[PDB]
Amino acid sequence: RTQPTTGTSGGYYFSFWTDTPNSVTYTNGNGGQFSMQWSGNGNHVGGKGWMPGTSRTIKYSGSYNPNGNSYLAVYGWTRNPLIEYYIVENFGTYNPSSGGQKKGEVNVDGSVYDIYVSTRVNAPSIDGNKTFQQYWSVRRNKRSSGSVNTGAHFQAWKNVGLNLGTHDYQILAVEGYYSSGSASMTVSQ
């Protein structure tokens, strides 16, 4: 029902999705800059990056302030197989990987990441209502700026049998779910 607003800004791909537009303000700034402010009802996800994604190093910085269900993550999809993946850098009052099956750990970029897989059934995807897996790398030491070696995560996932398909988009995403929060982030390489 609800398509993400997508396009280009500042030399980056961007995607912004919400099922409740009046609850959220998403703004594209210059270069890799974007901001999101949300509160009250609804599910909101937005950010800037690359279409398609690859094993690139992603640098980011800025301010991320969650007040409830929320995450800051490198966020992307693959196809064949259909995979929604997350490299979670920060989050609020609730670990988004909750209920994921833990597959291992990876030490990269100055922290250990816990690796999980979950299945989502009959859910929205880059290919409509589908059943797909979610891959999670969740940073134990939360942060709001730094560098993410996505290839190191992809390889770590592979080493525990979480194989990826062909890349679709890859963004630095800020997400809120029936919560409040705000962020002002800048992506780069």
### Query
Looking at region 96-189, which trypsin sites (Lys or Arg not before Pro) are DSSP coil and have at most 11 other C-beta atoms within 10 Å of their C-beta?
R140
### Message
Cβ neighbours within 10 Å, averaged per peptide: list 59-66, 44-51 in order, most packed at the top.
### Response
44-51, 59-66
### Message
Taking θ = phi - 60°, what integer Hz values does the Karplus form 6.51 cos²θ - 1.76 cosθ + 1.60 yield along region 116-126, in sequence order, with x for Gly and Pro?
### Response
10, 10, 9, 10, 10, 9, 6, 10, x, 8, 5
### Separation of the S144 and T166 label points, Cα + 7 Å toward Cβ, nm
3.9
## Note on the structure
In order over region 78-85: 3J(HN,Hα) from phi, Karplus 6.51/-1.76/1.60, θ = phi - 60°, whole Hz, x for each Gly or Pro, gives 10, 10, 6, x, 6, 9, 9, 10
### Task
Hey, can you grab everything whose amide H is under 5 Å from the amide H of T20? Only 5+ residues off in sequence or another chain; H modelled, so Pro and N-termini drop out.
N43
#### Entry: ³J(HN,Hα) computed for each position of region 61-73 - Karplus, 6.51 cos²θ - 1.76 cosθ + 1.60, integer Hz, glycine/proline x
7, x, 10, 10, 10, x, 10, x, 3, 6, 9, 10, 8
### Query
Mind ordering 10-20, 81-91 by average Cβ neighbours within 10 Å, highest first?
81-91, 10-20
### Query
Given the rule -39500 (n - 2.57) for each run of at least 4 DSSP H residues, summed and divided by the residues of the chain, what is its mean residue ellipticity at 222 nm, to the nearest 500 deg cm²/dmol?
-1500 deg cm²/dmol
### Query
Which of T5, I87, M185 sits closest to the plus end of the dipole of the chain, meaning its Cα is farthest towards the positive end, when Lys and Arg get +1 and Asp and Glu get -1 on the C-beta?
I87
### Task
Kindly provide the pair-distance distribution of the chain built from C-alpha pairs, with 10 Å bins from 0 and whole-percent values in order of increasing distance.
10, 40, 40, 10, 0
#### Entry: Dipole moment magnitude, nearest 20 debye, the chain about Cα centre, only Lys, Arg, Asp, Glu C-beta charged
220
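Quick note: the coordinates plus some simple rules give every number you see, no bench work behind them. So basically every Cβ, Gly included, is an ideal-geometry build from the backbone, and we count neighbours across all protein chains shown.
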